[PDB]
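Handing you a structure now.
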Amino acid sequence: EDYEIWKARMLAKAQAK
Amino acid sequence: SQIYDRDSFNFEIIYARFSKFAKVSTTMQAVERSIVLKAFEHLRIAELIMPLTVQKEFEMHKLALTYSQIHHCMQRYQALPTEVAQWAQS
Amino acid sequence: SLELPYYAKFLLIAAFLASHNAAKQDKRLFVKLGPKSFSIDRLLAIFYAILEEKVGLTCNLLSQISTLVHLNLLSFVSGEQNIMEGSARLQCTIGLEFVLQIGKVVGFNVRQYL
Amino acid sequence: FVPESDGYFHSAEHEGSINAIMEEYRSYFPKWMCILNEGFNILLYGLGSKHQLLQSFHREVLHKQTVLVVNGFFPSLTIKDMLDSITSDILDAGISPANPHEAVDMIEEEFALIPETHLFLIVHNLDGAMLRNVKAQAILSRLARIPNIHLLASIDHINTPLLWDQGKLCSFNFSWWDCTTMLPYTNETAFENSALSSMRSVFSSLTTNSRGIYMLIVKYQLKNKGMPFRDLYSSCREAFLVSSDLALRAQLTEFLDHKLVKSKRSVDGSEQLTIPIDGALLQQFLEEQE
Amino acid sequence: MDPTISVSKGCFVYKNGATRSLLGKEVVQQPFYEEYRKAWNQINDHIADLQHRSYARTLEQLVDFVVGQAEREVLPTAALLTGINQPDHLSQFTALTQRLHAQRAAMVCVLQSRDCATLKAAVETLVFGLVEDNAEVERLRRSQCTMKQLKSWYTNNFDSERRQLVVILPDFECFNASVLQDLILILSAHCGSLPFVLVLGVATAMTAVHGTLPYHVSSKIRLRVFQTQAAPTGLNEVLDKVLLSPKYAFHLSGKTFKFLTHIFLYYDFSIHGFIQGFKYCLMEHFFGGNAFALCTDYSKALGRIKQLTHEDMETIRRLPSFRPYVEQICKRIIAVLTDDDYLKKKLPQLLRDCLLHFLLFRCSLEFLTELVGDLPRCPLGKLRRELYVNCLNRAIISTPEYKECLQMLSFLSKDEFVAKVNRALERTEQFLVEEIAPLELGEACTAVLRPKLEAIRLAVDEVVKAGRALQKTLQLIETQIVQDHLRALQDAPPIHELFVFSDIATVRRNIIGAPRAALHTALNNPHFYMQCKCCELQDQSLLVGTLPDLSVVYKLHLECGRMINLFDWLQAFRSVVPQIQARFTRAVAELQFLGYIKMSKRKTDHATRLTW
DNA sequence: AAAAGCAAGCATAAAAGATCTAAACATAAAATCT
DNA sequence: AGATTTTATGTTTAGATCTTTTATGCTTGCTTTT
């Protein structure tokens, strides 16, 4: 997993929480 | 030299021919191979043995003596043990 | 009492087998007077045959060959001027008992190949 | 690479790809400057020619530092030439002493006298045609030991580390780098280290009597499928192609100089005169002379 | 062509004001260069101190031998049975010259084998070294430094006072034999008039000394044998006292540790090559950025956190251990992944966590290694370094060898078991008092560890005052020391990547040199390097027609026998693909330049392969 | 019958042995500085 | 009118060369065991 798409998906999981 | 008709010898051949006598000599059993090697070098520095001109234990050599000189050394030698005097004849 | 690196020990016993086993017997022992001359590639072939582990040919292994030559554990009976061209001939210059001691410390039984 | 001993006991797109490879090796350079600053020396061991890469390192990065380029692929360089170059041009100390290790001792003293005067040393092909002896590698390792002198070097031969023992390989504090360019070995093989037409071109320059002497050897060779010297001497004295023996020996010395004739002496003392060319081309040459 | 490519010259000066710190100020003023230089100076000075403290006993014995000869024909002479690692011993002989000059007991010449190809050159370098050494304590040409001039110089100087004339011969094995024997006879001829002492440097054994010295030469020798310590003992001392010290914040991973010790034990016994390889590991670690300049002692680490910019924040986020730290946590991770200042405020807790974990790792290792390595058969090894590599490389409790250690420790009698655990407790407490108390962040480490040791000692008292309690004591030792303070490196606390160095591939590439592997994979599959869209081979023996020209010639070479006629080789290459003959000649010339083939001399138009 | 093994033969080459020569070293004539 | 590099020169020793001679080795041509 690339760091950029992982950081973006984790920010999406935070903002969707 | 008498057996092989003045062929060049080696420290290993002469040490083997000496050890075949030393195993039954009943006075020469105690010598190390290193003492026989230093005795061979002592023969070499007197030019009683000359190189054919390789390890120092395997260099080929030539006797620098006639057999009559060794035979007169056998009679002129002082306190020669009888075992060596018998081994010299055969 | 000569402590050695592990691959230097295998190189030294391989040089002893190269100088003690003659050129013809390697084909029967490894496909699975005086000490003999041997070329460096014959030494590497006997070393890879007895190694049974197969390390790569790094700089350090051929450096171990040259520094075994510098310690008078091996010798340059000929060649000298052209070590790299394959015309060099080496000659192992150690006794059998040191090889048996190295084979005790290593665990390689030298007498099977003699 | 783990070779098997049984082989001894049984014995376009390319330009863009090479340019991307060269741009990556050009991108490596600041890391090489830091590695050379820490005391390691650079060694390149790729497949193709690395001349242009080290020239780019000298051009783009070492544009102002003192630099001694050394062409190791040169057939005729000597280690005395390199030590004389350092001692005379870098330090203005005159000619180096005739013992090379004395010259390295002198270079170590004079470079101990001058901190922050670094001497970069670029050696294309450290395995060079005249650097393959152990002594020149010992001199190069003693030079690379110096804190002031930094070393970059190329390696091409497969059997190169056979001459580096652990003392030289410890003096050569190498940082190995796989700079595998795919460039052809133009400059490295351009030097001297790596025929019926020529016979006609040299036969055209000969005089008439030399043509007759070589035609006599050609006729004897085609007739016998090397002639003794006495038959050539009697044939030349019969055909009036020579005045005495010594002029015929001078003509055959000229033929040996121009390699038309090989002279092979016999055990009986007679001189044999082989022509080193196959007999079909020799028969065609005799037909050319008619 | 290029101006550097000349037909006449071989060397090309580009002098720029040379008479008779390479980096610019941007790099030296960067914090990572500062922390790298600090850690390297500390590590190098500690290793040099260990080497001097190991050599000091043999140094005092050699100096006492020289002074005892000075208190007083054969020349006295001292064989020094030093190790195979010849370059390392120049510091030993230099320390001997420093001691002999400081006592004013002797003057020293050093005879390298490179300087003495002949007896004349040996005598000239010997006399020149003695006279110039005396001149350097408080220049004649080398043609005139006769031994008679040495006698006249010694009479003009030291006859009125006796200085010994020590002649170090560091590389005894490298000498010509006749030059060395003639030199020993020359020095023995001058005894009485000139006091000579002849220390030697025998890398092999005394049998070499007895072999190269003949009956006449050894008649004039009164040698005494000194023994330098073994190279593996020096490696073990350096690895335990330096690379495993608590006080350094930089640690190797277990793979890098095993790789450097594998180079030492399996290739060369040079300590210096191991030190340069550790220096390359330290440089490859610390040159990754100022985020790796955080890897230091705790106060300077807090100053580095307050120094930081943004690329350092990005490279502390990118490192792999941060991702489990984030997923094992919403607004807090938005402030961590974006706000930057919150990560700057949260860095000291993570750095203290990592440094405390590595301190507890070293203390729990100093516990466990005695209790495990005293055992017969040693499943986890004897010394601390093997247990260091084992506990870092993988989780220790899941290994079969830990089960074997638990079984063989369960089989013990009560007296040896209680004595073993009490020895481990006393050793760990002595280590906690001696080495962790002076260190910063050592008070908190002692506060974490000491109650656990008191609980293990209470379990020992419970098994003393009362069979099955030994299993409870093993359970206490497992779950307060092995489980908590001896985790595998993947289970280390997050942002431990700043402190360990696990990148073994690039460093193994740049230290271990394998030119033959690169030439092999370049001459077999060029697609590995060129990365063409057409040149890929599904197998390495295919020989496709789009290959680079050296590879086709190399494969048609490889697929046949030893002696190779050039002509059918040319027909096969012409069948694969005028200028084609010139391309074949260029490929054969390059393949000869690499040493793979050579032209025959006895047979024209043929080539023999040098490889097998 | 297949591939390892002993005399044969020319050949690069290696010693060598004298021999001649080029460069390093010691040294004298001389402008130069005082 | 005297000391100091400076330079031009001669000697000597190490290295290049010519030549003979001798040898191991590279290849060949049978030769012979498995």
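Don't worry about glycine lacking a Cβ; one is built from the backbone with ideal geometry, like all the others, and counts go over all protein chains shown. Read the figures in this text as sums done on the coordinates, not as results from a lab.
Where residues in segment D:260-286 are within 14 Å of chain E (Cβ to nearest Cβ) and part of a loop (DSSP other than H, G, I, E, B), which of them is farthest from DNA strand G (Cβ to nearest atom)?
Going through the qualifying residues, I end up with D:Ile277.
When segment D:52-65 is examined, which residues are found to be facing chain E (nearest Cβ under 8 Å) and under 22 Å from E:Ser8 (Cβ atoms)?
Residues satisfying the conditions are D:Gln55, D:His58.
For every residue, the table says whether it meets (1) hydrophobic (A, V, I, L, M, F, W, C); (2) more than 7 Å from every other protein chain (Cβ to nearest Cβ).
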residue: D:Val123; (1), (2): yes, yes
residue: D:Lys135; (1), (2): no, yes
residue: D:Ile149; (1), (2): yes, yes
residue: D:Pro161; (1), (2): no, no
residue: D:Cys170; (1), (2): yes, no
residue: D:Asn209; (1), (2): no, yes
residue: D:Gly212; (1), (2): no, yes
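Does E:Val7 fit the bill of being more than 30 Å from E:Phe286 (Cα to Cα), aliphatic (A, V, I, L, M) and in a strand (DSSP E or B)?
So E:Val7 fails the test.
Could you pull out every one of the helices (runs of 4 or more DSSP H) wholly within segment C:40-114 that has 2 or more residues that are over 16 Å from C:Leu4 (Cα atoms) and within 16 Å of DNA strand F (Cβ to nearest atom)?
Filter on segment C:40-114 gives C:40-51.
Out of the residues in segment E:564-611 meeting the condition of being within 23 Å of E:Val544 (Cα to Cα) and within 16 Å of DNA strand F (Cβ to nearest atom), tell me which one is surrounded by the most Cβ atoms within 10 Å (Cβ to Cβ).
Among those residues, the one meeting the criterion is E:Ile597.
Looking for whichever is facing chain D (nearest Cβ under 10 Å) and either among the aliphatic types (A, V, I, L, M) or closer than 20 Å to D:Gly7 by Cβ (or both) here; the options are E:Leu542, E:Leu610, E:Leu570, E:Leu547. Which one fits?
Going through E:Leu542, E:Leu610, E:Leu570, E:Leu547 in turn, the sole match is E:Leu610.
Next up: Count, please, the residues in segment C:1-37 that happen to be out of contact with any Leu (no Cβ under 9 Å at 6 or more places or on another chain) and within 14 Å of chain B (Cβ to nearest Cβ).
So the count comes out to 4.
This table checks each residue for (1) more than 14 Å from chain C (Cβ to nearest Cβ); (2) part of a helix (DSSP H, G or I).
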residue	(1), (2)
B:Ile13	no, yes
B:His42	yes, yes
B:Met50	yes, no
B:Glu57	no, no
B:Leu65	yes, no
B:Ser68	yes, yes
B:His71	yes, yes
B:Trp87	yes, yes
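Something else: Output the number of residues of segment E:447-501 satisfying the condition of being under 35 Å from the mean Cα position of the chain (by Cα) and assigned to a loop (DSSP other than H, G, I, E, B).
The number of residues fulfilling the criteria is 14.
Please go through (1) over 29 Å from E:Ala517 (Cα atoms); (2) facing chain D (nearest Cβ under 8 Å) for C:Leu96 and return the number of the only condition it doesn't satisfy.
(2)
Filter segment E:544-563 down to residues that are among the β-branched types (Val, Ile, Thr) and surrounded by fewer than 18 Cβ atoms within 10 Å (Cβ to Cβ) and give me whichever is nearest to DNA strand F (Cβ to nearest atom).
The selected residue is E:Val544.
All but one of (1) within 14 Å of chain B (Cβ to nearest Cβ); (2) within 35 Å of the chain's Cα centre (by Cα) hold for E:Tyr215; which doesn't?
In the conditions (1) within 14 Å of chain B (Cβ to nearest Cβ); (2) within 35 Å of the chain's Cα centre (by Cα), E:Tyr215 misses (2) alone.
Identify, please: which residue in segment C:41-98 is of a type in the set (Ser, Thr, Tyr) and closer than 22 Å to E:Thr207 by Cα and is, among those, farthest from DNA strand G (Cβ to nearest atom)?
C:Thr67
I'm trying to understand the selection: among the residues of segment D:82-101, which are more than 21 Å from D:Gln55 (Cα to Cα), within 15 Å of DNA strand F (Cβ to nearest atom) and at the interface with chain E (Cβ under 7 Å from one of its Cβ atoms)?
Of everything in segment D:82-101, those that are more than 21 Å from D:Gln55 (Cα to Cα), within 15 Å of DNA strand F (Cβ to nearest atom) and at the interface with chain E (Cβ under 7 Å from one of its Cβ atoms) turn out to be D:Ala93, D:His101.
Could you give every pair whose Cβ atoms fall below 6 Å, whose first residue belongs to segment D:6-31 and is of a type in the set (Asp, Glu), and whose second residue is more than 16 Å from DNA strand G (Cβ to nearest atom) and part of a loop (DSSP other than H, G, I, E, B), counting only separations of at least 6 or pairs across chains?
Within 6 Å, the pairs are D:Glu13/E:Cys532.
Does D:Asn37 fit the bill of being at the interface with chain E (Cβ under 7 Å from one of its Cβ atoms), away from DNA strand G (no atom under 16 Å from the Cβ) and either surrounded by fewer than 17 Cβ atoms within 10 Å (Cβ to Cβ) or more than 30 Å from E:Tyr554 (Cα to Cα) (or both)?
yes
Looking at D:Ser141, D:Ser96, which one is of a type outside the set (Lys, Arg) and in contact with a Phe, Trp or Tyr (Cβ under 9 Å, 6 or more places away or on another chain)?
Of D:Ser141, D:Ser96, the one residue that is of a type outside the set (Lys, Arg) and in contact with a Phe, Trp or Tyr (Cβ under 9 Å, 6 or more places away or on another chain) is D:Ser141.
Hey, another quick one. Considering only segment D:78-94, state which residues are within 13 Å of DNA strand G (Cβ to nearest atom) and among the hydrophobic types (A, V, I, L, M, F, W, C).
D:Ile79
Can you tell me how many residues within segment E:74-106 are more than 14 Å from every other protein chain (Cβ to nearest Cβ), of a type outside the set (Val, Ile, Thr) and more than 25 Å from E:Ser218 (Cβ to Cβ)?
10
If you don't mind, another one. Just to be sure, is D:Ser27 over 30 Å from the mean Cα position of the chain (by Cα) and either surrounded by fewer than 16 Cβ atoms within 10 Å (Cβ to Cβ) or within 26 Å of E:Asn524 (Cα to Cα) (or both)?
yes
Against the condition surrounded by 12 or more Cβ atoms within 10 Å (Cβ to Cβ) and either within 14 Å of chain D (Cβ to nearest Cβ) or within 28 Å of the chain's Cα centre (by Cα) (or both), how does E:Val28 come out, does it pass?
When the stated conditions are applied, E:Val28 passes them.
Looking for something surrounded by fewer than 21 Cβ atoms within 10 Å (Cβ to Cβ) and assigned to a helix (DSSP H, G or I) - is there at least one such residue anywhere in segment E:192-199?
no
Quick one: is E:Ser178 hydroxyl-bearing (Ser, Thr, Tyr) and within 14 Å of chain B (Cβ to nearest Cβ)?
Spelling it out, E:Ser178 is indeed hydroxyl-bearing (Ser, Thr, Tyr) and within 14 Å of chain B (Cβ to nearest Cβ).
Taking segment E:144-178 as the region of interest, how many residues are among the β-branched types (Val, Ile, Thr) and within 16 Å of DNA strand F (Cβ to nearest atom)?
The qualifying residues number 1.
Restricting to segment D:175-201, count the residues that are more than 20 Å from E:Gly513 (Cβ to Cβ), among the polar types (S, T, N, Q) and assigned to a loop (DSSP other than H, G, I, E, B).
Residues meeting the conditions: 5.
Sort out for me the helices (runs of 4 or more DSSP H) sitting completely within segment E:278-357 that have 1 or more residues that are more than 21 Å from A:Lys13 (Cβ to Cβ) and not hydrophobic (A, V, I, L, M, F, W, C).
Filter on segment E:278-357 gives E:298-307, E:311-317.
Answer yes or no as to whether D:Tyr45 is in contact with a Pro (Cβ under 6 Å, 6 or more places away or on another chain) and at the interface with chain E (Cβ under 8 Å from one of its Cβ atoms).
It is true that D:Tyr45 is in contact with a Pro (Cβ under 6 Å, 6 or more places away or on another chain) and at the interface with chain E (Cβ under 8 Å from one of its Cβ atoms).
Which ones in segment E:10-64 are part of a helix (DSSP H, G or I), over 30 Å from E:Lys247 (Cβ atoms) and among the basic types (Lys, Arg)?
Result: E:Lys25, single match.
Looking at segment E:562-572, can you tell me whether even one residue there is in a loop (DSSP other than H, G, I, E, B) and among the polar types (S, T, N, Q)?
No, every residue in segment E:562-572 fails to be in a loop (DSSP other than H, G, I, E, B) and among the polar types (S, T, N, Q).
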